[PDB]
Structure formats: C-alpha cells, structure tokens
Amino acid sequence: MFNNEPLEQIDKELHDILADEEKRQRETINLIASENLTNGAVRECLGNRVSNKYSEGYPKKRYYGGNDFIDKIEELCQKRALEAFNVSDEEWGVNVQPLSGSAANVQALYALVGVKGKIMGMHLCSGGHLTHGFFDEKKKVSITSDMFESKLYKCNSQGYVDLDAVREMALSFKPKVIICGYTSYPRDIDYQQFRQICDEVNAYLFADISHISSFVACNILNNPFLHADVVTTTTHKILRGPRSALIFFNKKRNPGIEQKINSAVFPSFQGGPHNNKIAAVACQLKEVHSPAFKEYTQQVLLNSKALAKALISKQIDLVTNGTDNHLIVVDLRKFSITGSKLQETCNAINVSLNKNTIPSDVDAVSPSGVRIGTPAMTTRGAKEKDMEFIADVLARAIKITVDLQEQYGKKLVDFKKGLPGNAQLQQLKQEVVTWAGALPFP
C-alpha cells in the first residue's frame, strides 16, 4: 500500500532543486576545507534499505533479533576502521554509531569526565571546534561548555599552538581531559607534548582528527594513536565518506574505557543506529586502506603546498605563513577587507570558501580571514599546476572586493548592493564555471 513512482514524478518540486544543487556543485570551485565529494558506491549505501532496521545496542548484544546481517556490517565497519588507522584491535577499540562529529565529541567527552567534568580545548577563534568547550562571556554557546566546565587555550600571535600556555592552564585548572586536533589549524600537532602535559595532571588526551584523518591514516602526518587515550574523527571530510563519526578508545592504556564509551553513545545519548551510514562508512574505509587513496591524500598535500606558495607569490599573507596539511588560512588585513566581504564576493563567482578568524581578531563577529582547503578540488582531479589559477582567481576576487568596498562603502549592507551585475564578477564567474564545469565529478 505504497507509492513507487520515481522522485522526478512523485516530487517534481524537490527534484528540480536537487538537480540545480547538483549543477551548482559541478560548476563551483569548492575550497571548503571540510567538504568533499562522495562516489556513487557510498551513495548507494546511504540509500540502501538497511536503514529500515532498528538495531539498538551492539553486535551480538542487540536488543532485538533479525540483526544478523546488520551485525556483520557493523563488525566489518569496526574492523576496517582499526585497520585503516593502523591500530591493533587488541589495543584499540572503535564505536561506529555516532551520527556526526559533534555528537561523537560530546559522547566521548561524557564517557571520560561526565556532567560537571573539567575539560580543556583550543578556543574557536584560535582554530578549535565548538564541541571543544566553546563559550562566550554572553553565553555558553556549546553544550560542551555547559554540561562540562571548560577552559580554553589560545594560539600565539603567529597562529601556532603555544604549549607553554597549555601547561600553565592545565596545572592551575587541572582538567580530566585536554583536547587537541582542530577545525581550522593549518599545522601539525605535537601529540607527544600534549601527552606529556596530560600525564603531569593525570588528564586524558583527546585528539579530534576530523580535518586531517587521511593524513594520520596514510602516515603523512603525526600519529596521535601513539599517545592519545581517545581519537575522534568525522568520516565526511578529507576521509571522503558519508556524514558520520568514529570514536576510537585506547583499551590498553585505560581498561574499562570500552564500556564507558559504548554506553555514552548508547543508551546515554543516542537510540537506534543509522545502518545506511554504517554501511557507507564501511564502503569508504575499504578505499581508505587501498594504495590509490594514499595517492589522493598525497595529492591533497601537494596541492595545498602549491596553493600556499602561489598565494605567497602574489603577496598574500597566510596564518602561520604556510601549511603542513590540506588547509590554509588567509590573513586579509593588509587589504583592509573582512572575511565576510570576500566570502560574499567569492559566492558571486562560484567559489565556496568560509570566513575565518585570525589571532589578532578579538571577536568572531568580524573575522579577518578566510579558510580554504584542497580535498574537494583534489577529488575533482586538480594538480599542482591548477593551483596557480585558483590562487589567481582568489587574488582577482580580493581586488574586486577592494574595488567594491571603495565604491559602495565598508558597511556590509552597502557592499552587497555592489555585487549583483558587476561586469568583473560575471566574467570571473564565467571562467570559474567553464573550468569547474568540465572537471571530473563523481
């Protein structure tokens, strides 16, 4: 007693928008550092009938039966995850049920410390995530600042984690957890030194590697598995999976942690798992471990270096003056424009990027930079050579943005009035569309 007419017929309104969305993605130069493009196989899993099944609990300890094939999937996923991140299943466990990065981080945080627990994280403005204890004078913005008691450490004026500052805070504040691994941090982390500080205060070491996950897995960057008690990652960014999260726990360093984490995810926070997610993640973790994906991941770094170097060749300042990974943060202060202004300008030319704070910023209201990343364009087949054009396009966007701020004023209201119809943008959008439109698209 159901309707099996295809999407186009059943909901023409929705279907059109979706095709328009597809067309925008195909014709956009996507620099969002957190974004990527999923292959068909990952999308076949996400629309699989497996999502019909309620399987609260864990494999072999399910609340309901008929979960034989679901158990096989969730176990095949856990295996592939530990394999991908080069950890022994005797030493490390993994939970594959968290629905997304923010859920996963809160769940893990809860497991280790619980309500009222003391946590430490990098401040949003310096490059941390909201889920790392972010708050404001005015409001506890994240549940992580409110269900826990959080303290926030800043990077120095050059954009770098200052470990001396971390230690000063950890010895006076005395938290049960310190988080490292970040949302807009263009450099590698000294996990060993975090681990050293954690031991000094008897604090847990938590590493959120969502942005750099592929780098850790392919052994291109520092390995926090060597030192961390917990490692979290999303699966949708550089990893190129669906929208989900993984929580890794160090069984060997702390026994009784497996139950704590597993019970945090369920039943403390979530109910039924999303089996289409789990299948989809499994399908990408196969690909993560293949040597072709190591190729891709290397290409992401190659591209990120070339882009920084090309941006520096056009006299554009970068936070930390370069990158060790997939992401760059442009300091726009010398041009007397805001990140918000350039974001607007870049959307008018089909360039997705996001405004980002820099160390000199005192408020998140007017961030002075933008953040770009290479994983999505690397997925679409761009090489080091193709990075000069992108750097060139961003330099032209910066110029046009200065031109429009001169003509229409610095008020954001007024600036946007300038943007529609501008001949330079239309031309620049057209070039962006022509080059972007022809790149391979999964």
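Start at 1 with the first residue shown and count on from there.
- If you average the CA temperature factors over each stretch, which comes out higher, 50 to 58 or 412 to 420? Taking the mean C-alpha B-factor of 50 to 58 and of 412 to 420, the larger value falls to 412 to 420.
- Between 327 to 335 and 289 to 297, which has the larger average Cα B-factor in the PDB entry? Stretch with the higher mean C-alpha B-factor: 289 to 297.
- Query: Between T345, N254, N95, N275, which carries the biggest CA temperature factor in the record?
  - Reply: So the option with the highest C-alpha B-factor is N254.
- Item | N156, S214, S268, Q196, ranked by C-alpha B-factor: the highest one | Across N156, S214, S268, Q196, the entry lists the biggest C-alpha B-factor for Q196.
- Ranked against its chain, the third holding the CA B-factor of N39: CA B-factor rank for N39: middle third.
- Can you tell me which third, lowest, middle or highest, the CA B-factor of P359 falls into for its chain? Middle third of the chain for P359's C-alpha B-factor.
- Query: Going by the entry, which third of its chain does the Cα temperature factor of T234 land in?
  - Reply: Lowest third.
- Item | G381 - which third its CA temperature factor falls in, relative to the rest of the chain | Within its chain, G381 is a middle-third residue by C-alpha B-factor, going by the deposited values.
- Message: Quick check on the deposited entry: does the C-alpha B-factor of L152 sit in the lowest, middle or highest third of its chain?
- Response: Middle third by C-alpha B-factor.
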